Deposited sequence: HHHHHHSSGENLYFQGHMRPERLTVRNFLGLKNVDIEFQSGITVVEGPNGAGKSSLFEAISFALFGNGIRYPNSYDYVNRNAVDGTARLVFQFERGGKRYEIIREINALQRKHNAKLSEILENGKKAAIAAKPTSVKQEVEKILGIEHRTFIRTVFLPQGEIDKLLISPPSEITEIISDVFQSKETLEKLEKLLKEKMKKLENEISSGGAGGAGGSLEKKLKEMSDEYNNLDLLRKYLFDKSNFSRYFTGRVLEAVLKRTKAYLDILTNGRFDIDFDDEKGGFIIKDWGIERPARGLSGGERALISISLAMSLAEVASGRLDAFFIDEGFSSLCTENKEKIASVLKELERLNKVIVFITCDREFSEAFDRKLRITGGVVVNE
């Protein structure tokens, strides 16, 4: 793994003024009044890592227009492979400068630059993280209003991010080109008791051709792989649906039927046809399942205001199911301003007026 957020510090970003908070494992619910800056927090992370948020197209739109000192500063600290990283950005409205900086933290007060300039920082962060911005918001960073994005994604995108979450695509990329080089040197050595040295050198080569085959015909093991993982995920999702809906709702994956297929009492129902509440309940189970199966790979799970459309009896039902996440030393954050959903959890980060209160 073991991607894991540590510290977030924010100044004058969107609706946030000054916030400095530390991420515990288990569940925190982030609460406060509308426009308090709850979502701003979640966006700050997205922005820290990738240099964009959900809500505006231009960096400088993110500057807190209600601060006289028109400079946003984001400091984000995470972890991955026993290593600590820290990212620093500043956005200045007047200047229209975007500054970004990535460095490792170490043996003590120690800092090892990896990138300045926001293009390089994005580059290196994807590298570090292994996943793309797109797979990040569809999996464990579920942005407000977009709870159902994965659920209604094209099968292409679905598999393309199962792979991304589960592969170690860089370990893979070094492998594929270590093979070419291993086979070419061997081919070279062949094009030049001698039959015995040749036997071994050719024996060794044809394995390598095999290993190459069952590994980069893609449409073979890759598909096989994603299927088996989706199976593990949908297995859990179906279980959660059985709890939450008395077995009324079911879900499956079929690349030819367009992706995730929902059935109500055996009957196919397009996601757009569900009640708002049902869509939420299904997206949440799916996401929650993904995060379980992705334990080890990903150590964080955020839901940004995804509980509103739930009715009182689904709210409890769903809180109850989400506590079963408390088992995985994941950092888990739910943003909500709802009493009935928050009563269920113990630890609260309250924000009002762009600060912690």
- request: Residue ranges with no C-alpha coordinates, please: along the deposited sequence, counted from 1, in order.
  value: 1-15, 208-215, 381-382
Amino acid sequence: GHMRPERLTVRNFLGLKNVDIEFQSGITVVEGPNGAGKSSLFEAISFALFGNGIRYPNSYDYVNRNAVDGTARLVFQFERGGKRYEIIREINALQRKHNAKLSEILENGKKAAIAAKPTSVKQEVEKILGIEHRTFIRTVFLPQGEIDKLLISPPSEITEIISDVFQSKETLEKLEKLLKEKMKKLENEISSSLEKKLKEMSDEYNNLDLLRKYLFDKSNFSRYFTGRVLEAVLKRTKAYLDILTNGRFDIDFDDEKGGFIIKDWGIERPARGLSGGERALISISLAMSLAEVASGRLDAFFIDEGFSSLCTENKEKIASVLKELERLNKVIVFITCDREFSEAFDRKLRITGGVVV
From here on, numbers count along this sequence of modelled residues.
- request: Report the stretch with the higher mean CA temperature factor, choosing between 201-209 and 139-147 on the basis of the entry.
  value: 201-209
statement: As the entry reports it, the stretch among 62-70 and 322-330 with higher mean C-alpha B factor is 322-330
- request: Tell me which of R96, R236, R269, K185 tops the list for C-alpha B factor in the record.
  value: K185
message: For the CA B factor values reported in this entry, which option in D242, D252, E278, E176 has the top one?
response: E176
statement: On the chain's distribution of Cα B-factors, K169 falls within the third called highest
task: Ordered by C-alpha B-factor within the chain, which third holds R350? Give me lowest, middle or highest, please.
output: lowest
message: Going by the CA temperature factor in the PDB record, which third of the chain does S153 belong to: lowest, middle or highest?
response: lowest
task: Taking the chain's C-alpha temperature factors as the reference, tell me which third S219 falls into: lowest, middle or highest.
output: highest
query: Once the chain's modelled residues are ordered by C-alpha B factor and cut into thirds, is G35 in the lowest, middle or highest one?
result: lowest
